[PDB]
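Raw contents of query_3.txt, compact mmCIF, N, CA and C atoms:
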# COMPACT_ATOMS: atom_id res chain seq x y z
N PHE Y 1 -50.11 -23.52 45.91
CA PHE Y 1 -50.87 -23.48 47.16
C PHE Y 1 -49.90 -23.50 48.33
N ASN Y 2 -49.67 -22.32 48.92
CA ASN Y 2 -48.80 -22.18 50.09
C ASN Y 2 -47.37 -22.63 49.78
N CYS Y 3 -46.84 -22.18 48.65
CA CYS Y 3 -45.46 -22.43 48.27
C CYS Y 3 -44.95 -21.22 47.51
N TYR Y 4 -43.76 -20.74 47.87
CA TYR Y 4 -43.26 -19.46 47.41
C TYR Y 4 -41.78 -19.57 47.05
N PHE Y 5 -41.38 -18.80 46.04
CA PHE Y 5 -39.99 -18.75 45.60
C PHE Y 5 -39.29 -17.63 46.35
N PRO Y 6 -38.37 -17.92 47.29
CA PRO Y 6 -37.89 -16.85 48.19
C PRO Y 6 -37.04 -15.78 47.51
N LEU Y 7 -36.55 -16.01 46.30
CA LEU Y 7 -35.62 -15.09 45.64
C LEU Y 7 -36.39 -14.12 44.76
N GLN Y 8 -36.22 -12.82 45.01
CA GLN Y 8 -36.85 -11.77 44.22
C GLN Y 8 -35.81 -10.71 43.87
N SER Y 9 -36.08 -9.97 42.80
CA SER Y 9 -35.14 -9.01 42.25
C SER Y 9 -35.43 -7.60 42.75
N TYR Y 10 -34.45 -6.73 42.55
CA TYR Y 10 -34.55 -5.32 42.93
C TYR Y 10 -34.99 -4.48 41.74
N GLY Y 11 -35.65 -3.36 42.05
CA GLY Y 11 -36.04 -2.39 41.04
C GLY Y 11 -35.05 -1.25 40.90
N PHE Y 12 -33.80 -1.56 40.56
CA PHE Y 12 -32.78 -0.53 40.34
C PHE Y 12 -32.96 0.01 38.93
N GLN Y 13 -33.61 1.17 38.83
CA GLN Y 13 -33.82 1.88 37.58
C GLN Y 13 -33.42 3.35 37.73
N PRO Y 14 -33.15 4.06 36.63
CA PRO Y 14 -32.76 5.47 36.76
C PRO Y 14 -33.90 6.41 37.15
N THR Y 15 -35.13 5.91 37.28
CA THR Y 15 -36.31 6.74 37.52
C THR Y 15 -36.90 6.58 38.91
N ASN Y 16 -36.46 5.59 39.68
CA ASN Y 16 -37.04 5.37 41.00
C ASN Y 16 -36.47 6.37 42.01
N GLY Y 17 -36.87 6.21 43.27
CA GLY Y 17 -36.42 7.09 44.33
C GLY Y 17 -35.15 6.62 44.99
N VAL Y 18 -34.58 7.51 45.81
CA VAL Y 18 -33.36 7.19 46.54
C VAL Y 18 -33.59 6.06 47.54
N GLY Y 19 -34.83 5.84 47.96
CA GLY Y 19 -35.16 4.69 48.78
C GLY Y 19 -35.18 3.37 48.05
N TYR Y 20 -34.91 3.36 46.73
CA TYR Y 20 -34.85 2.14 45.94
C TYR Y 20 -33.64 2.07 45.02
N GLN Y 21 -32.87 3.14 44.87
CA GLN Y 21 -31.74 3.14 43.97
C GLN Y 21 -30.62 2.26 44.53
N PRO Y 22 -29.70 1.79 43.68
CA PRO Y 22 -28.63 0.92 44.17
C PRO Y 22 -27.57 1.69 44.94
N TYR Y 23 -27.18 1.13 46.08
CA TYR Y 23 -26.15 1.71 46.95
C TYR Y 23 -25.01 0.71 47.07
N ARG Y 24 -23.84 1.08 46.56
CA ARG Y 24 -22.67 0.21 46.60
C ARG Y 24 -22.15 0.14 48.03
N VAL Y 25 -22.47 -0.94 48.73
CA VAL Y 25 -22.09 -1.14 50.12
C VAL Y 25 -20.76 -1.89 50.16
N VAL Y 26 -19.91 -1.51 51.11
CA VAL Y 26 -18.62 -2.15 51.33
C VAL Y 26 -18.41 -2.23 52.84
N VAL Y 27 -18.56 -3.43 53.40
CA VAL Y 27 -18.45 -3.65 54.84
C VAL Y 27 -17.03 -4.11 55.14
N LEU Y 28 -16.30 -3.30 55.91
CA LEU Y 28 -14.93 -3.60 56.31
C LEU Y 28 -14.95 -4.08 57.76
N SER Y 29 -14.59 -5.35 57.96
CA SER Y 29 -14.42 -5.94 59.28
C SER Y 29 -12.97 -6.35 59.48
N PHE Y 30 -12.52 -6.28 60.72
CA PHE Y 30 -11.18 -6.74 61.06
C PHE Y 30 -11.08 -7.01 62.56
N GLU Y 31 -10.12 -7.86 62.91
CA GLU Y 31 -9.78 -8.18 64.29
C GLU Y 31 -8.54 -7.39 64.69
N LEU Y 32 -8.50 -6.98 65.95
CA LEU Y 32 -7.46 -6.09 66.46
C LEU Y 32 -6.88 -6.68 67.74
N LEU Y 33 -5.55 -6.81 67.79
CA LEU Y 33 -4.86 -7.48 68.90
C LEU Y 33 -5.45 -8.87 69.12
N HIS Y 34 -5.44 -9.67 68.05
CA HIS Y 34 -5.91 -11.05 68.08
C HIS Y 34 -4.91 -12.02 67.45
N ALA Y 35 -3.92 -11.52 66.71
CA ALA Y 35 -2.92 -12.35 66.05
C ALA Y 35 -1.77 -11.45 65.62
N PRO Y 36 -0.67 -11.99 65.11
CA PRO Y 36 0.39 -11.11 64.60
C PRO Y 36 -0.10 -10.27 63.44
N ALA Y 37 0.47 -9.08 63.31
CA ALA Y 37 -0.04 -8.09 62.37
C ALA Y 37 0.32 -8.46 60.94
N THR Y 38 -0.59 -8.11 60.03
CA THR Y 38 -0.38 -8.28 58.59
C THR Y 38 -0.57 -6.95 57.87
N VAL Y 39 -1.56 -6.18 58.31
CA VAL Y 39 -1.90 -4.90 57.70
C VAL Y 39 -1.45 -3.79 58.64
N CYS Y 40 -1.09 -2.64 58.07
CA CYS Y 40 -0.68 -1.48 58.83
C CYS Y 40 -1.01 -0.23 58.03
N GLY Y 41 -0.82 0.93 58.65
CA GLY Y 41 -1.18 2.19 58.06
C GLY Y 41 0.02 2.98 57.57
N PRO Y 42 -0.23 4.13 56.94
CA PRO Y 42 0.88 4.95 56.43
C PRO Y 42 1.61 5.66 57.55
N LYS Y 43 2.51 4.94 58.20
CA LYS Y 43 3.29 5.43 59.33
C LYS Y 43 4.77 5.40 59.00
N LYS Y 44 5.58 5.87 59.95
CA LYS Y 44 7.03 5.90 59.82
C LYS Y 44 7.65 5.39 61.10
N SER Y 45 8.30 4.23 61.02
CA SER Y 45 8.97 3.63 62.16
C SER Y 45 10.24 4.41 62.48
N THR Y 46 10.99 3.93 63.47
CA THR Y 46 12.19 4.62 63.92
C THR Y 46 13.08 3.61 64.64
N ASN Y 47 14.13 4.12 65.28
CA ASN Y 47 15.12 3.27 65.93
C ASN Y 47 14.63 2.83 67.30
N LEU Y 48 15.44 1.99 67.94
CA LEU Y 48 15.16 1.43 69.26
C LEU Y 48 16.05 2.07 70.31
N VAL Y 49 15.59 2.02 71.56
CA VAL Y 49 16.28 2.63 72.69
C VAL Y 49 16.20 1.66 73.86
N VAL Q 1 -69.02 -14.21 58.24
CA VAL Q 1 -68.55 -13.33 57.18
C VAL Q 1 -68.10 -14.12 55.96
N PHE Q 2 -67.24 -15.11 56.15
CA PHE Q 2 -66.72 -15.87 55.02
C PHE Q 2 -67.79 -16.77 54.41
N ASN Q 3 -68.73 -17.25 55.22
CA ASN Q 3 -69.78 -18.17 54.80
C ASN Q 3 -71.15 -17.55 55.05
N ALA Q 4 -71.31 -16.28 54.71
CA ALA Q 4 -72.59 -15.61 54.88
C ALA Q 4 -73.59 -16.09 53.84
N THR Q 5 -74.87 -16.04 54.20
CA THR Q 5 -75.92 -16.52 53.31
C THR Q 5 -76.03 -15.64 52.07
N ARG Q 6 -76.19 -14.33 52.27
CA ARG Q 6 -76.31 -13.38 51.17
C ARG Q 6 -75.43 -12.18 51.47
N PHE Q 7 -74.37 -12.02 50.68
CA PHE Q 7 -73.46 -10.91 50.85
C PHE Q 7 -74.12 -9.61 50.42
N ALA Q 8 -73.48 -8.50 50.79
CA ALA Q 8 -73.95 -7.17 50.43
C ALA Q 8 -73.23 -6.69 49.18
N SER Q 9 -73.69 -5.55 48.66
CA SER Q 9 -73.08 -4.98 47.47
C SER Q 9 -71.70 -4.42 47.81
N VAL Q 10 -71.05 -3.86 46.79
CA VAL Q 10 -69.72 -3.29 46.98
C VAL Q 10 -69.82 -1.90 47.57
N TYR Q 11 -70.69 -1.06 47.01
CA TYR Q 11 -70.97 0.24 47.60
C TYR Q 11 -71.67 0.12 48.95
N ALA Q 12 -72.32 -1.02 49.22
CA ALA Q 12 -72.98 -1.29 50.49
C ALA Q 12 -72.21 -2.34 51.28
N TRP Q 13 -70.88 -2.24 51.26
CA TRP Q 13 -70.03 -3.23 51.92
C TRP Q 13 -70.33 -3.30 53.41
N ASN Q 14 -70.61 -4.52 53.88
CA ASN Q 14 -70.91 -4.76 55.28
C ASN Q 14 -69.63 -4.85 56.09
N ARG Q 15 -69.74 -4.51 57.37
CA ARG Q 15 -68.63 -4.63 58.31
C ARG Q 15 -69.14 -5.24 59.60
N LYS Q 16 -68.43 -6.26 60.09
CA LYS Q 16 -68.79 -6.98 61.30
C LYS Q 16 -67.63 -6.87 62.28
N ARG Q 17 -67.91 -6.34 63.46
CA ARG Q 17 -66.90 -6.16 64.49
C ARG Q 17 -66.70 -7.45 65.26
N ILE Q 18 -65.43 -7.79 65.50
CA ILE Q 18 -65.06 -9.00 66.24
C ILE Q 18 -64.07 -8.60 67.32
N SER Q 19 -64.29 -9.09 68.54
CA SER Q 19 -63.45 -8.78 69.68
C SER Q 19 -63.93 -9.61 70.86
N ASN Q 20 -63.09 -9.68 71.89
CA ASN Q 20 -63.41 -10.40 73.13
C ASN Q 20 -63.67 -11.88 72.86
N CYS Q 21 -62.81 -12.48 72.05
CA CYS Q 21 -62.94 -13.89 71.70
C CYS Q 21 -61.64 -14.34 71.04
N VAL Q 22 -61.54 -15.65 70.84
CA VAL Q 22 -60.38 -16.25 70.19
C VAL Q 22 -60.71 -16.45 68.72
N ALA Q 23 -59.69 -16.33 67.87
CA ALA Q 23 -59.83 -16.44 66.42
C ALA Q 23 -58.79 -17.43 65.91
N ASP Q 24 -59.26 -18.58 65.44
CA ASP Q 24 -58.40 -19.63 64.91
C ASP Q 24 -58.25 -19.42 63.41
N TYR Q 25 -57.13 -18.83 63.00
CA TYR Q 25 -56.86 -18.57 61.60
C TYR Q 25 -56.21 -19.75 60.88
N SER Q 26 -55.59 -20.67 61.63
CA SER Q 26 -54.88 -21.78 61.01
C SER Q 26 -55.82 -22.68 60.21
N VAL Q 27 -57.08 -22.77 60.63
CA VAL Q 27 -58.04 -23.57 59.88
C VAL Q 27 -58.33 -22.95 58.52
N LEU Q 28 -58.23 -21.62 58.41
CA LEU Q 28 -58.45 -20.96 57.12
C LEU Q 28 -57.28 -21.19 56.18
N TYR Q 29 -56.05 -21.05 56.69
CA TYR Q 29 -54.87 -21.25 55.86
C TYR Q 29 -54.81 -22.67 55.32
N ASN Q 30 -55.31 -23.64 56.09
CA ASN Q 30 -55.36 -25.04 55.68
C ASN Q 30 -56.74 -25.47 55.22
N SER Q 31 -57.62 -24.52 54.89
CA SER Q 31 -58.96 -24.89 54.41
C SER Q 31 -58.92 -25.38 52.97
N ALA Q 32 -58.08 -24.76 52.14
CA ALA Q 32 -57.99 -25.09 50.71
C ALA Q 32 -59.35 -24.95 50.03
N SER Q 33 -60.06 -23.87 50.35
CA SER Q 33 -61.33 -23.53 49.74
C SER Q 33 -61.38 -22.04 49.43
N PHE Q 34 -60.24 -21.50 48.99
CA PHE Q 34 -60.11 -20.08 48.71
C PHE Q 34 -59.22 -19.89 47.50
N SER Q 35 -59.62 -18.98 46.62
CA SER Q 35 -58.86 -18.73 45.40
C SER Q 35 -57.58 -17.95 45.69
N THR Q 36 -57.56 -17.13 46.74
CA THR Q 36 -56.39 -16.33 47.07
C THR Q 36 -56.41 -16.04 48.56
N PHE Q 37 -55.22 -15.83 49.12
CA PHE Q 37 -55.07 -15.45 50.52
C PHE Q 37 -53.80 -14.61 50.62
N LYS Q 38 -53.96 -13.34 51.00
CA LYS Q 38 -52.85 -12.39 51.03
C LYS Q 38 -52.95 -11.56 52.29
N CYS Q 39 -51.88 -11.56 53.09
CA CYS Q 39 -51.81 -10.81 54.33
C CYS Q 39 -50.67 -9.81 54.25
N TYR Q 40 -50.97 -8.56 54.58
CA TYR Q 40 -50.02 -7.46 54.47
C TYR Q 40 -49.42 -7.15 55.83
N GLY Q 41 -48.09 -7.17 55.91
CA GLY Q 41 -47.38 -6.85 57.12
C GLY Q 41 -47.08 -8.04 58.01
N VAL Q 42 -47.93 -9.06 57.99
CA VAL Q 42 -47.81 -10.22 58.87
C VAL Q 42 -48.14 -11.48 58.08
N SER Q 43 -47.53 -12.59 58.49
CA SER Q 43 -47.83 -13.86 57.87
C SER Q 43 -49.25 -14.30 58.23
N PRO Q 44 -49.92 -15.08 57.36
CA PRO Q 44 -51.27 -15.53 57.71
C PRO Q 44 -51.30 -16.49 58.89
N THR Q 45 -50.31 -17.38 59.00
CA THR Q 45 -50.28 -18.34 60.10
C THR Q 45 -49.77 -17.73 61.40
N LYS Q 46 -49.01 -16.65 61.33
CA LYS Q 46 -48.52 -15.98 62.53
C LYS Q 46 -49.60 -15.16 63.23
N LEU Q 47 -50.80 -15.05 62.65
CA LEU Q 47 -51.87 -14.30 63.29
C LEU Q 47 -52.28 -14.92 64.61
N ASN Q 48 -52.09 -16.24 64.76
CA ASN Q 48 -52.43 -16.91 66.00
C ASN Q 48 -51.48 -16.55 67.14

For the file at hand, write its structure as structure tokens.
Amino acid sequence: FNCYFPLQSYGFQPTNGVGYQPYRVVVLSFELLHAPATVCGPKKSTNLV
Amino acid sequence: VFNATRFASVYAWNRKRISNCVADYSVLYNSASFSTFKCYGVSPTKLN
């Protein structure tokens, strides 16, 4: 009586629609110019002047 | 509607229009005199 289990499962099956199929999500967040660098890209440094 | 004396058939389903008034739904959610209560799109208590 007016009590519900908040956790429910998904219907990921090979027969459902694209509006229900599983989508592997990967959220990439990062801070920029907030601390000393740790990560960098495929670049090539050089000398100083 | 909920406490009508004699309901109508299923093929003869009655409809009663309600408007221009206040509707206290919280008394129904806390009535505890109903076998089921299901609201689609909105919570039953949020109707107020």

*To one decimal in Å, tell me the separation between atom CA of residue Q:25 and atom CA of residue Q:5.*
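It comes out at 20.9 Å.
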
*Extract the full set of helix (DSSP H, G or I) residues from chain Q according to DSSP on the backbone, and format it as a VMD selection string.*
chain Q and resid 26 to 29 45 to 47

*Å distance separating atom CA of residue Q:38 from atom CA of residue Y:2, one decimal place*: 10.6 Å

*Nearest residue to residue Q:18 from the set Q:1, Q:39, Q:30, Q:6 (distances using only C-alpha atoms)*: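 For residue Q:18, the nearest of the candidates is Q:1.
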